[PDB]
Every structure is written in C-alpha cells, then in structure tokens.
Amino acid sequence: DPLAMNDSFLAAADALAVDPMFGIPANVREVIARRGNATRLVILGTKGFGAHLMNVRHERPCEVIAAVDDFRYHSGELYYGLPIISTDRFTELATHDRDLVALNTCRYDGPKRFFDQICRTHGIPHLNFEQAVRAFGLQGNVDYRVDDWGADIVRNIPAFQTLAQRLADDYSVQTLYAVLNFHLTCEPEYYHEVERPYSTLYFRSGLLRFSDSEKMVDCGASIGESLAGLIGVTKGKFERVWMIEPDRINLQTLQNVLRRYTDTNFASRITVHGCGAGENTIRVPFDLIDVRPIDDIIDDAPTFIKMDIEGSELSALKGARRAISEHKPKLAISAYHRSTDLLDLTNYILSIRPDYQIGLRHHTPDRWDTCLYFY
C-alpha cells in the first residue's frame, strides 16, 4: 500500500527492533536456524552484488558451493573460486539438498524475476543481497554502500518523522518513507514505487527552476554529466560553471569533456578544479589530493550547488557556508552515502539558511541517487 508508507514504516521499525531476522524469508530462516554456517549457498548470477559476498572480510557464514550462469558454465572459469553451473544443474542440486539457499544477485527486472521465479517454482529458499547481509549477520563486513542500515533507522525514528513533516510536498514524503522502508525490510519494490529515471537527476526533479544565467558549483564533477545536463536544460545558456573533482582519471576525462565544447560561446565560463571539496584547506591521501572549501574555490555567488562526492558531504557543505547562508542557492545534495545523511545534511543546511524549502527524489532502480533538493 504505497498510499500508507508512513504506517508501514513504523510497523517495520517496530518489527525489526524485536526481531533481527525481520524481513528474512521464513524458509531461509529455518535453514539458517537448523544449519548455521554449514548452510550451503548457490549464487545466482555472476554480474551482480555476488562479489560483495565473496570479498567479505573474515570467514564466510555459509558454504558457498557454486554460481549459476547459463552463458558461462562451459568455459572452465571459476567465479571467486566457485564452479559456474547451469540453471538446470542448480535446480537438480536444490531438489536433493534441504538446506541449500540461493542468493539472487540480480538487481534488474529481467534477470532478477527470472531467478526469483525459478526458485519459487521449485520451492528453493532464496534471498536478495540485502536479505543475505542481514540473514548471515554480515553487517560491518561488507562495503558500507551495500550494508544493512536497518538498525540505524530504528534508532532515529522521531528524527525521521520530523524530517517527513519538514518536506514541502507529498511525493517527497512518500519518497522518504519508501527509502526508509527499503532499508528496514530489504524489499527493493519500495524504491520502485517512487523512483524517477537517472536522466532526471538534479535538472529534471520536478522541483527546481533554472534560469538562463545560472552559476553552478558542480561538486564531484566525475565525467562531466552534470555539465551536460545543465547545458541541455538551459539550451546552452549559463553564466558560470565551477567543476570540482579530485580523482586524476576523472580529471583526464573532463579534459575530453571540455574539448567537446571548445567552439561554444560558453567554453570560457567553465573551469575545472582538481581538488576535493571539504571544510578547510588541506593536502591529504586520497596518492595525495588537495582539499579546499567551496567558498575559497569559487569567485562569485552561485545560484546552484550540485553535490555528489566520495568524502564527507557535511564537511563539504561547511566549506560552502558563506555561499549557502549569504546567497541561498538552489541545492541538489546526493543523500544516499550514509544512513545518517538525510538527517545530518538537512539539519546542517537549515542551521545556516533556515528559510529553504526541502524536497527529495530517488533517481535509480537501485539504492543509488536518492537526492535532497533545497530551494
């Protein structure tokens, strides 16, 4: 019921608080309860999050026996030391082992739905990656970006309810609750109910107005897509772009991006700053990079700050406090890097510029690119 995600949010948080296996399929729970780390597991797919389970820090909590891939099972190649088998071989092994769980590593509809139905048809206990992380107690032993943020959410319920009340539009509220429900339940369909295309990130959110004289701080410029998006929505008309990116390979790419615009009338308005955005000026290991505050990097009052960085977005925002507090530029702040960012970043921005309106959109079919908008 996507029209009552506030209700499901509270119910999920209460359920998880008293049951750490909340959200784990019953048939898998009973195997794990029966066999513990002798549980036999088969990875479905060789192009998904299965690498995150195999690279896991410390001894695995189950015996991984194979990976299924119908397009590779005759190659003789191993998948993280595992044999690669056909789907037919997997259903055969499953019919004869009780006791054998399948990890569906696929994230996209075609492959995911295929393997999920194969499992259902044969009554094979199965899990997606977030469910695997929770069911096998791998919190802290996987990359933080694919970790279980359930418990963190359960500790901050009132603060999330307070954020919900502060959001300017109903769709942002639905989006907030959908993201928190995904983390509480491990159910990706929550994102799917609210998601917007990747192509609409920052520039087509339904919340911001761009003029023909924008001055954009492109913080975490990567490969230049946000510059391409500003160009597109403004029809090649802006005042200034300051692109900030510390990675040396990305900076090589941006030199290629700058060359595609060399004959435009706006080429001279774009600069690239090979540093990271932070709260002060310091040279640190990234390989050393320079880190500088936004307020020192730029030389004019911005109208828009886009932010998607590997480092602390809270430190980066503090390094832009004069720009934010004095000029109230529109902001598009990526909000999916830490379980705490939706609250922490919002709380920081409002403490320095309390008259902002706030929105939230989710822009991929996966857990990436939940983005806060301030205008």
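Numbers for residues come from their place in the sequence shown, where the first is 1.
Gap between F286 and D287: 10 or more deposited residues without coordinates. For the pair 47-55 and 61-69, the mean Cα B-factor is higher in 47-55. On average the C-alpha atoms of 91-99 have higher B-factors than those of the other stretch, with 91-99 and 148-156 being the two compared. Note on the listed residues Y177, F203, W242, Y108: the highest Cα temperature factor in the record is that of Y108. Looking at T303, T281, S75, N265, the one whose CA carries the top B-factor in the deposited record is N265. Sort the modelled residues of the chain by CA B factor and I84 lands in the lowest third.
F114: CA B factor in the middle third of modelled residues in this chain (values from the PDB entry). Among the modelled residues of its chain, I32 has a C-alpha B-factor that falls in the middle third according to the deposited record.
Placement of the Cα temperature factor of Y198 within the chain: lowest third of the modelled residues, per the deposited record. Annotation for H337: CA B-factor lies in the highest third of the chain's modelled residues.
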